[PDB]
Amino acid sequence: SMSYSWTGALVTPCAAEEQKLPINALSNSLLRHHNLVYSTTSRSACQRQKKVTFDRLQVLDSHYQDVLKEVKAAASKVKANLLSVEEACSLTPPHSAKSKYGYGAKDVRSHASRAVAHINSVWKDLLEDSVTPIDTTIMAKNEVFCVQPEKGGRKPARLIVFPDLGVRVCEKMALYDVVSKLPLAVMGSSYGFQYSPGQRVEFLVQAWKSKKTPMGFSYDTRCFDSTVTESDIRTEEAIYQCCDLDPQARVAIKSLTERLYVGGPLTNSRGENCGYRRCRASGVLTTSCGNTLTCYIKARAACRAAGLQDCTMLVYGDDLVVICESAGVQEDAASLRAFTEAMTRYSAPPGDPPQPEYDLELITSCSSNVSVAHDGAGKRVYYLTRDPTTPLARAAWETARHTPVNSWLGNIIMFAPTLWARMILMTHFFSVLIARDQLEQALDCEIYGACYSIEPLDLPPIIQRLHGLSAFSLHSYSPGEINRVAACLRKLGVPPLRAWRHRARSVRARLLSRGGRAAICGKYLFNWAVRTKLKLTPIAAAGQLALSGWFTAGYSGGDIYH
Ligand SMILES: CNC(=O)c1c(-c2ccc(F)cc2)oc2cc(N(c3cc(Cl)c4c(c3)COB4O)S(C)(=O)=O)c(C3CC3)cc12
Numbered sequence: 001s002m003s004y005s006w007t008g009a010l011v012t013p014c015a016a017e018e019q020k021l022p023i024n025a026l027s028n029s030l031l032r033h034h035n036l037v038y039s040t041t042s043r044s045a046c047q048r049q050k051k052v053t054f055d056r057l058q059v060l061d062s063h064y065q066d067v068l069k070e071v072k073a074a075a076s077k078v079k080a081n082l083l084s085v086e087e088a089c090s091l092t093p094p095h096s097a098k099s100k101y102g103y104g105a106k107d108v109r110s111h112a113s114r115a116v117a118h119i120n121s122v123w124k125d126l127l128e129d130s131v132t133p134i135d136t137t138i139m140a141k142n143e144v145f146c147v148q149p150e151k152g153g154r155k156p157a158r159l160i161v162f163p164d165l166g167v168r169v170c171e172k173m174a175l176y177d178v179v180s181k182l183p184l185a186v187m188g189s190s191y192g193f194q195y196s197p198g199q200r201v202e203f204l205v206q207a208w209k210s211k212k213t214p215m216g217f218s219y220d221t222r223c224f225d226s227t228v229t230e231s232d233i234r235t236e237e238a239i240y241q242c243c244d245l246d247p248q249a250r251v252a253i254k255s256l257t258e259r260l261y262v263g264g265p266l267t268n269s270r271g272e273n274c275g276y277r278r279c280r281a282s283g284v285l286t287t288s289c290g291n292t293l294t295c296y297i298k299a300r301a302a303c304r305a306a307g308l309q310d311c312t313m314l315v316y317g318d319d320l321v322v323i324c325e326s327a328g329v330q331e332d333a334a335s336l337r338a339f340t341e342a343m344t345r346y347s348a349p350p351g352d353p354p355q356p357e358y359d360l361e362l363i364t365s366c367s368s369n370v371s372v373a374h375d376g377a378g379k380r381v382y383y384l385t386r387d388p389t390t391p392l393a394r395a396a397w398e399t400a401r402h403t404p405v406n407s408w409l410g411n412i413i414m415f416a417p418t419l420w421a422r423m424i425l426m427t428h429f430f431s432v433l434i435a436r437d438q439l440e441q442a443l444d445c446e447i448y449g450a451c452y453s454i455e456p457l458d459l460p461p462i463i464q465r466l467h468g469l470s471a472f473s474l475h476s477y478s479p480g481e482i483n484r485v486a487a488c489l490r491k492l493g494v495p496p497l498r499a500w501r502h503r504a505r506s507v508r509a510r511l512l513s514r515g516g517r518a519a520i521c522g523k524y525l526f527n528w529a530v531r532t533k534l535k536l537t538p539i540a541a542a543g544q545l546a547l548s549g550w551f552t553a554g555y556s557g558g559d560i561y562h
């Protein structure tokens, strides 16, 4: 069937959409080529709609059915609980999309009468009705990028599809405990979300080293969400039901599957009927878990069909990397073509064909790659990096304009060991926070798709836990990484690293003078900026911080707050 059917009605904005990076003195200090920086808007929705709309042809085979049996067996070891209304309410982020039925996220979080009343009725309806499709809103995501003229100009807006706030809370009640436990249980070491950046790096390096002659590749499925069929989504339901569940949970899960997850009508912001969906909804609780599971099942089956030897997989939503034992250059190339053929048959063809890589650093996944630097003693230290263009573009935007839930803070935490994150982003954002007298204010940040409340002053302990003490002492970065950063700075009109160093010395001084946690920020985060280096010992606060929930599971588009 067709992934979508359209009425011809437009995807419409809620509010004013800014296309270009606003001019602001503080943002300009980071990035001056503002004309290169743009935000996606509803104006490009039609372009996206065209790309994501196609007929799915799915043919399953014995390898697929074999893996699915394995998955169901693994799922059967899981015991999952219903969450209460109150519990589910508290997992709702403050800026979550308000209900059409007279309440919003603040009302949900405060357990307000009108909110809870509607939620209770939605739950009841789920238990009583297992067939009537549930309405969804379609919106155009507003995301910031840098223009790449050679690569076809401007990216079209991604489409987000989500049900009403009331339904979203009910999803949590039925499935939050399932999506939290199931992927790890089924996928084990292949489950990407379980790892901190430091752990992820270690996993990849050990996997690579475990092979006599390693070969690796990333597999990029074209429009993954659209490739997910009705049968795929119903299979996900079957897997969920393999758990030991509450009787009411079982009913609600089936209802949510048939009325929401498998498909439904699409309504724009003006209440107009846009069309009908027969594929994955981006904005539901099970999007992350579902995508990861389905990708895993298909990939694991495809590895067998392709005759890949001693496979180690890593899966994060629709992002997939396979590391295996090489059979020779031409043998590997053919096996990879076979892998693609199998994945295609499973309804997941690639955007660009995958290529075998024989160097770990050459593999790009989740926009990221492994690189090497050196610690204080001169020991080789591996870390995850990425092209800084998009992070810098977004950093500039989020400086110029207040965004309720930022991306810059998460970005800094996750890419803390990187040259660009340390010298540019840390320096810039601490300078901005100081200038605006916001150093002590907690911020709402997006991490692995989930909303977190983070205090900037807690950066050092957080970084220590996620990356190790070495993150504060890395030097002698690779020529390739240095060159990539350099190219980005020239492109975006960002001051050179030596200028940032100077600024960092000032910021460091200001932070040290304030004392306490601020002083620790100055000491640890900016030790690179001084010749006379301070002795970086383990941070006492780091041990105390409760960070376990961080890398328990993936909640992207899942409307989750921690
Ligand atoms: C299946 N692939 C993987 O699991 C990952 C590989 C990878 C695997 C194999 C390989 F060969 C190369 C890269 O690298 C990763 C790096 C991250 N990292 C990111 C963190 C952030 Cl805030 C962003 C990004 C990445 C991209 O743009 B950002 O919005 S990180 C630094 O580890 O936290 C992630 C996180 C979960 C998304 C996943 C993967």
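Be aware that the sequence shown starts at 1, since it is given in PDB author numbering, and climbs by one per residue. The beta-carbon is built from N, C-alpha and C at its ideal position, and this holds for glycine as well.
Please give the ranges of any alpha helix (DSSP H) in the segment 272 to 333, keeping only runs that are unbroken, at least 4 residues long and fully inside the region. 287 to 305
Where are the beta strand (DSSP E) runs, 3 residues long or more, that stay fully inside the segment 91 to 152, in chain order? 136 to 140, 144 to 146
Counting along the chain, where does the alpha helix (DSSP H) carrying residue 541 start and finish? On the sequence shown, position 541 is the one that residue 541 refers to. Residue 541 -> alpha helix (DSSP H) spans 540 to 544.
Between which two residues does the alpha helix (DSSP H) harbouring residue 236 extend? Here residue 236 refers to the residue found at position 236 of the sequence shown. Where residue 236 is concerned, the enclosing alpha helix (DSSP H) stretches over 230 to 240.
What number of angstroms, rounded off, separates the C-alpha of residue 188 from the C-alpha of residue 224? Within the sequence shown, residue 188 is the residue found at index 188, counting from 1. Within the sequence shown, residue 224 is the residue found at index 224, counting from 1. Straight-line Cα distance between these residues: approximately 22 Å.
Would you list the residues sitting across from residue 563 in a DSSP beta bridge? Here the chain has residues from 1 to 562 only, and residue 563 is not among them.
Quick test of your reading: residue 220 and residue 350, contact by CB under 8 Å. State the CB separation rounded to the nearest angstrom. As a first step, residue 220 must be located in the sequence shown, where it is residue number 220. As a first step, residue 350 must be located in the sequence shown, where it is residue number 350. The Cβ separation is near 6 Å, so the contact holds.
Mind checking residue 283: buried by the 16 CB within 10 Å criterion, or exposed? Here the question's residue 283 lines up with position 283 in the sequence shown. Buried: at least 16 other Cβ atoms inside 10 Å.
Near residue 431, which residues of its chain fall below 6 Å by C-beta distance, leaving aside the five closest residues on each side in sequence? By one-based count along the sequence shown, residue 431 stands at place 431. Same-chain partners within the cutoff: 507.
Do the CB positions of residue 6 and residue 275 come within less than 8 Å of each other? Locating residue 6 in the sequence shown gives position 6, where the first residue counts as 1. Locating residue 275 in the sequence shown gives position 275, where the first residue counts as 1. Contact flag set, yes.
So, do the segment 306 to 321 and the segment 202 to 219 have three or more beta carbon pairs nearer to each other than 8 Å? yes
Could you check how far apart the C-beta atoms of residue 145 and residue 393 are, in whole angstroms? I think they sit under 8 Å. Working through the sequence shown from its first residue, we reach residue 145 at position 145. Working through the sequence shown from its first residue, we reach residue 393 at position 393. Contact flag correct, Cβ pair sits at about 6 Å.
Entirely enclosed beta strand (DSSP E) segments - the segment 358 to 427, minimum 3 residues: 368 to 374, 380 to 386
Cut-off 6 Å between Cβ atoms - residues of its own chain near residue 176, not counting five sequence neighbours on either side: Counting from one through the sequence shown, the residue named residue 176 turns up at place 176. Excluding sequence neighbours, residue 176 sits near 83.
Would you check if there are 3 or more beta carbon pairs closer than 8 Å linking the segment 134 to 151 to the segment 255 to 273? yes
Expressed to the nearest angstrom, what Euclidean distance is found between the alpha-carbon atoms of residue 358 and residue 314? Residue 358 sits at position 358 when you count from the first residue of the sequence shown. Residue 314 sits at position 314 when you count from the first residue of the sequence shown. Each residue's alpha carbon lies about 17 Å from the other.
Near ligand 1: residue 278 beta-carbon under 7 Å from a heavy atom: Taking the first residue of the sequence shown as position 1, residue 278 is located at position 278. No, the beta carbon of residue 278 sits no closer than 7 Å to any heavy atom of ligand 1.
Considering residue 450, what are the terminal residues of the alpha helix (DSSP H) in which it resides? What you label residue 450 is simply residue 450 of the sequence shown in a count that begins at 1. Careful: residue 450 lies outside any alpha helix (DSSP H), inside the beta strand (DSSP E) at 450 to 454.
With respect to 7 Å, is the separation between the Cβ of residue 162 and the closest non-hydrogen atom of ligand 1 below this value? By 1-based counting over the sequence shown, the position of residue 162 is 162. It does not: the Cβ of residue 162 is nowhere closer than 7 Å to a heavy atom of ligand 1.
What are the start and end residues of each continuous alpha helix (DSSP H) run of 4 or more residues lying completely inside the segment 26 to 76, in chain order? 45 to 52, 62 to 75
May I ask which residues mark the beginning and end of the alpha helix (DSSP H) holding residue 570? Given a span of 1 to 562 for the chain in the structure shown, any question on residue 570 remains unanswerable.
For residue 201, which residues of its own chain have a beta-carbon under 8 Å away from its beta-carbon, when the five flanking residues on both sides are left out? Within the sequence shown, numbered from 1, the residue matching residue 201 stands at position 201. Cβ within range, chain order: 370, 382, 383, 384.
Does ligand 1 have a heavy atom nearer than 7 Å to the CB of residue 264? Here residue 264 refers to the residue found at position 264 of the sequence shown. No.
Residues near residue 48 in its chain [Cβ-Cβ closer than 7 Å; skip 5 each side]: By one-based count along the sequence shown, residue 48 stands at place 48. Contacts found: 156, 157, 158, 159.
Closer than 7 Å by C-beta to residue 553: which residues in its own chain qualify, once you throw out the five before and the five after it? Chain order, please. Start at 1 with the first residue of the sequence shown, and residue 553 comes out as number 553. Result list for residue 553: 179, 180, 183, 193, in chain order.
State whether the segment 476 to 488 contacts the segment 450 to 462, with contact taken as three or more CB pairs (one from each stretch) at a distance under 8 Å. no
Going by the CB atoms, is the gap between residue 409 and residue 363 shorter than 8 Å? Within the sequence shown, residue 363 is the residue found at index 363, counting from 1. Within the sequence shown, residue 409 is the residue found at index 409, counting from 1. Contact: no.
Going by C-alpha distance, which of 353, 206, 413 is nearest residue 360? For this step, residue 360 is matched to residue 360 along the sequence shown. Ranking 353, 206, 413 by Cα distance to residue 360 puts 206 first.
Residues that DSSP places opposite residue 5 in a beta bridge: Position 5 of the sequence shown holds residue 5. In DSSP, residue 5 forms a bridge with 276.
Of all the beta strand (DSSP E) runs that stay within the bounds of the segment 491 to 547, which reach a length of 3 or more residues? none
With residue 165 as the anchor, note down where its alpha helix (DSSP H) starts and where it stops. Taking the first residue of the sequence shown as position 1, residue 165 is located at position 165. Start and end: 165 to 187.
Kindly list the residues whose CB is nearer than 8 Å to the CB of residue 530, restricted to its own chain and excluding five residues on each side of it in sequence; keep chain order. Residue numbering aside, residue 530 sits at position 530 when the sequence shown is read from its first letter. Counting only Cβ-Cβ distances below 8 Å, and skipping sequence neighbours, we find 505, 508.
Have a look at residue 143 and residue 375 and give me their C-alpha separation to the nearest angstrom. Residue 143 sits at position 143 when you count from the first residue of the sequence shown. Residue 375 sits at position 375 when you count from the first residue of the sequence shown. So the alpha carbons of these two residues sit roughly 35 Å apart.
By DSSP, does residue 446 sit in helix, in strand, or in coil? Stepping through the sequence shown from its first residue, residue 446 is reached at position 446. Here residue 446 sits in strand by DSSP.
From the DSSP output, read off the bridge partner residues of residue 244. The sequence position of residue 244 within the sequence shown is 244, counting from 1. For residue 244, which the question treats as bridged, DSSP gives the partners 79.
Specify the secondary structure class of residue 267 as computed by DSSP and reduced to three states. Position 267 of the sequence shown, counted from the first residue, corresponds to residue 267. Note: residue 267 maps to strand in three-state DSSP.
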